[PDB]
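With PDB, C-alpha atoms inside, this is coords.pdb:
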```
ATOM      1  CA  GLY A   4      47.577 -41.358 -13.680
ATOM      2  CA  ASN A   5      46.000 -44.373 -12.026
ATOM      3  CA  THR A   6      47.316 -43.594  -8.539
ATOM      4  CA  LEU A   7      45.336 -42.564  -5.441
ATOM      5  CA  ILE A   8      45.662 -39.292  -3.584
ATOM      6  CA  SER A   9      44.376 -37.691  -0.418
ATOM      7  CA  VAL A  10      43.856 -33.948  -0.041
ATOM      8  CA  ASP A  11      42.404 -31.666   2.617
ATOM      9  CA  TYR A  12      40.098 -28.801   1.602
ATOM     10  CA  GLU A  13      38.466 -25.710   3.064
ATOM     11  CA  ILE A  14      36.029 -23.601   1.049
ATOM     12  CA  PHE A  15      35.379 -19.888   1.664
ATOM     13  CA  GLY A  16      32.484 -17.608   0.650
ATOM     14  CA  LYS A  17      28.730 -18.207   0.722
ATOM     15  CA  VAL A  18      29.230 -21.862   1.523
ATOM     16  CA  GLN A  19      27.030 -22.644   4.574
ATOM     17  CA  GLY A  20      23.255 -22.851   4.482
ATOM     18  CA  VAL A  21      23.272 -23.534   0.728
ATOM     19  CA  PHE A  22      23.020 -27.359   0.671
ATOM     20  CA  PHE A  23      26.797 -27.496   0.164
ATOM     21  CA  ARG A  24      27.273 -30.588   2.347
ATOM     22  CA  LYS A  25      24.562 -32.570   0.535
ATOM     23  CA  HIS A  26      25.903 -31.638  -2.894
ATOM     24  CA  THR A  27      29.525 -32.307  -1.901
ATOM     25  CA  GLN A  28      28.611 -35.778  -0.664
ATOM     26  CA  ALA A  29      26.628 -36.489  -3.826
ATOM     27  CA  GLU A  30      29.427 -35.326  -6.137
ATOM     28  CA  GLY A  31      32.054 -37.203  -4.130
ATOM     29  CA  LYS A  32      30.032 -40.406  -4.352
ATOM     30  CA  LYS A  33      29.407 -39.880  -8.073
ATOM     31  CA  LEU A  34      33.174 -39.584  -8.588
ATOM     32  CA  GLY A  35      33.880 -42.743  -6.528
ATOM     33  CA  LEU A  36      35.596 -40.774  -3.769
ATOM     34  CA  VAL A  37      35.631 -41.382  -0.046
ATOM     35  CA  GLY A  38      36.210 -38.846   2.720
ATOM     36  CA  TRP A  39      34.019 -36.286   4.413
ATOM     37  CA  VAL A  40      32.531 -32.810   4.485
ATOM     38  CA  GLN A  41      31.706 -30.643   7.509
ATOM     39  CA  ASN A  42      30.640 -27.087   8.332
ATOM     40  CA  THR A  43      33.407 -25.476  10.367
ATOM     41  CA  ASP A  44      33.127 -23.133  13.311
ATOM     42  CA  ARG A  45      34.438 -20.256  11.167
ATOM     43  CA  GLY A  46      31.727 -20.090   8.503
ATOM     44  CA  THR A  47      33.486 -22.342   5.988
ATOM     45  CA  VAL A  48      33.207 -25.927   4.728
ATOM     46  CA  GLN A  49      36.035 -28.428   5.118
ATOM     47  CA  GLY A  50      36.937 -32.049   4.668
ATOM     48  CA  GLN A  51      39.201 -34.578   3.025
ATOM     49  CA  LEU A  52      38.991 -36.343  -0.345
ATOM     50  CA  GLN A  53      40.549 -39.686  -1.249
ATOM     51  CA  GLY A  54      40.458 -41.746  -4.405
ATOM     52  CA  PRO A  55      41.750 -42.024  -7.966
ATOM     53  CA  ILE A  56      43.846 -38.955  -8.736
ATOM     54  CA  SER A  57      41.836 -37.821 -11.793
ATOM     55  CA  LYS A  58      38.606 -38.065  -9.792
ATOM     56  CA  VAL A  59      40.054 -36.150  -6.837
ATOM     57  CA  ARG A  60      41.264 -33.454  -9.245
ATOM     58  CA  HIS A  61      37.806 -33.233 -10.834
ATOM     59  CA  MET A  62      36.328 -32.811  -7.348
ATOM     60  CA  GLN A  63      38.895 -30.126  -6.504
ATOM     61  CA  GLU A  64      37.839 -28.168  -9.580
ATOM     62  CA  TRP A  65      34.167 -28.610  -8.581
ATOM     63  CA  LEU A  66      35.023 -27.289  -5.094
ATOM     64  CA  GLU A  67      36.796 -24.254  -6.634
ATOM     65  CA  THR A  68      34.212 -23.324  -9.213
ATOM     66  CA  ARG A  69      30.767 -24.784  -8.571
ATOM     67  CA  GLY A  70      29.808 -26.444  -5.282
ATOM     68  CA  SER A  71      26.084 -26.424  -4.618
ATOM     69  CA  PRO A  72      24.020 -24.400  -7.113
ATOM     70  CA  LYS A  73      23.342 -21.460  -4.769
ATOM     71  CA  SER A  74      26.842 -21.292  -3.294
ATOM     72  CA  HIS A  75      29.318 -18.523  -4.057
ATOM     73  CA  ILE A  76      32.863 -19.758  -3.735
ATOM     74  CA  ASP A  77      35.628 -17.199  -3.198
ATOM     75  CA  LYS A  78      38.464 -19.649  -2.543
ATOM     76  CA  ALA A  79      39.221 -23.313  -2.068
ATOM     77  CA  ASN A  80      42.353 -23.912   0.002
ATOM     78  CA  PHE A  81      43.922 -27.332  -0.484
ATOM     79  CA  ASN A  82      46.512 -28.803   1.870
ATOM     80  CA  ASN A  83      48.371 -32.025   2.617
ATOM     81  CA  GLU A  84      48.056 -33.384  -0.910
ATOM     82  CA  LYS A  85      49.760 -36.785  -1.028
ATOM     83  CA  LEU A  86      49.851 -40.113  -2.799
ATOM     84  CA  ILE A  87      48.274 -42.946  -0.796
ATOM     85  CA  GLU A  88      48.273 -46.721  -1.275
ATOM     86  CA  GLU A  89      45.092 -47.519   0.714
ATOM     87  CA  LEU A  90      41.905 -45.618   1.538
ATOM     88  CA  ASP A  91      41.321 -44.339   5.082
ATOM     89  CA  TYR A  92      37.525 -44.258   4.645
ATOM     90  CA  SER A  93      34.818 -46.554   3.312
ATOM     91  CA  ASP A  94      32.192 -43.901   2.513
ATOM     92  CA  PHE A  95      31.776 -40.178   1.886
ATOM     93  CA  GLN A  96      30.193 -38.823   5.066
ATOM     94  CA  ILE A  97      28.555 -35.593   6.096
ATOM     95  CA  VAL A  98      29.945 -34.931   9.564
ATOM     96  CA  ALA A  99      27.433 -33.087  11.725
TER      97      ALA A  99
END
```
Here is a file; write its structure as structure tokens.
Amino acid sequence: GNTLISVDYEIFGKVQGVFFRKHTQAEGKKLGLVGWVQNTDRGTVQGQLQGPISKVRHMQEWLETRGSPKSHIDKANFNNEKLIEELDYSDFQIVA
């Protein structure tokens, strides 16, 4: 479609200390997405994605299967997937 969606994500495995945040931001920006990425307090990576639905879906697949080159992804959990009519962000940020 040419609709917009928002979705929350959390990635499990060898996902911290592998340049995951930098690569996620770069891929998000390449895909024209806004949102954020952050290392959690439980050894995972999380955030939200917003943008054109096909681009969000491409990013979801990237988060399931690839991530940063030295990452090892066991699972990507997605939640709160929804259609949106406006963006809630103006950039794709790494949240410290």
What separation in Å, quoted to one decimal, exists between CA of residue 56 (chain A) and CA of residue 94 (chain A)?
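CA of residue 56 (chain A) sits 16.9 Å away from CA of residue 94 (chain A).
Within the 9 Å cut-off around residue 88 (chain A), using only C-alpha atoms and omitting residues fewer than 6 positions from it on the same chain, the listed residues are residues 6, 7 and 8 of chain A.
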Go through the shown structure with the PyMOL selection byres ((chain A and resi 76) around 6) and write out the matching residues as a PyMOL selection string.
chain A and resi 15-16+75+77-78
Best match for closeness to residue 34 (chain A) among A:62, A:14, A:52, A:98, counting only C-alpha atoms:
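Closest to residue 34 (chain A) of all the choices is A:62.
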Selected by the PyMOL selection byres ((chain A and resi 19) around 9) in the shown coordinates: which residues, as a PyMOL selection string?
chain A and resi 16-18+20-24+42+46-48+74
Run the PyMOL selection byres ((chain A and resi 58) around 12) mentally over the shown coordinates, then write out the matched residues as JSON, numbers by chain, using the chain letters and numbers from the document.
{"A": [4, 5, 6, 7, 8, 9, 10, 30, 31, 32, 33, 34, 35, 36, 37, 52, 53, 54, 55, 56, 57, 59, 60, 61, 62, 63, 64, 65]}
Pick the closest to residue 91 (chain A) from A:51, A:12, A:70, A:45: which is it, counting all atoms listed in the file?
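Selected residue with least distance to residue 91 (chain A): A:51.
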For a test of reading the model, state the distance in Å between CA of residue 80 (chain A) and CA of residue 44 (chain A), rounded to one decimal.
16.2 Å
Tell me, in Å to one decimal, how far CA of residue 11 (chain A) is from CA of residue 67 (chain A).
13.1 Å
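The residue that comes closest to residue 73 (chain A), out of A:93, A:99, A:13, A:26 and on the basis of all atoms listed in the file, is A:26.
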